[PDB]
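Only one chain is given next, in structure tokens, and it is the form deposited in one PDB entry.
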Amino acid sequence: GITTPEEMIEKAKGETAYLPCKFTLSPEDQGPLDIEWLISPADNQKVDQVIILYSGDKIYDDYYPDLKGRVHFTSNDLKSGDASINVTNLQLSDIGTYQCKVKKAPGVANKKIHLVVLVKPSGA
């Protein structure tokens, strides 16, 4: 499963947000590894929008237009147990709940991060 609970990350416009998603695999989890990150924007009604994906040993991005080029996995070895990603140059539009799904049949886990972006620094 994923090593961290549902959390809230508060950043400032322009900064970069690090969305942690580390996981441990069980001996039973013998199926192929899939890592999907979805987002439910606060500004609109869309829910569970695909942001980035790791399937069949390949990375697939370019799903959520407004987030183009600003999302990348942080680790250079996902299989090792780290699905974390970075959202660079945060904008107020990036606010919403980001979800990390890590699957290895029969294994499945997910984590929800509520990202908040503030015009200028301070959560004081």
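Basically, rigid core = biggest C-alpha set you can superpose within 1.5 Å across the two forms. The first residue of the shown sequence is 1; numbering continues from there.
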Mean CA B-factor: is it higher for 88-96 or for 75-83? 75-83
Taking only the CA atoms, which stretch has the higher mean B-factor in the record, 22-30 or 40-48? 22-30
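Omitted from view is the form deposited in another entry, to which the following refers.
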Of 55, 44, 80, 91, the residue whose C-alpha shifts by 2 Å or more between this form and the one not shown, after superposition on the rigid core, is 44
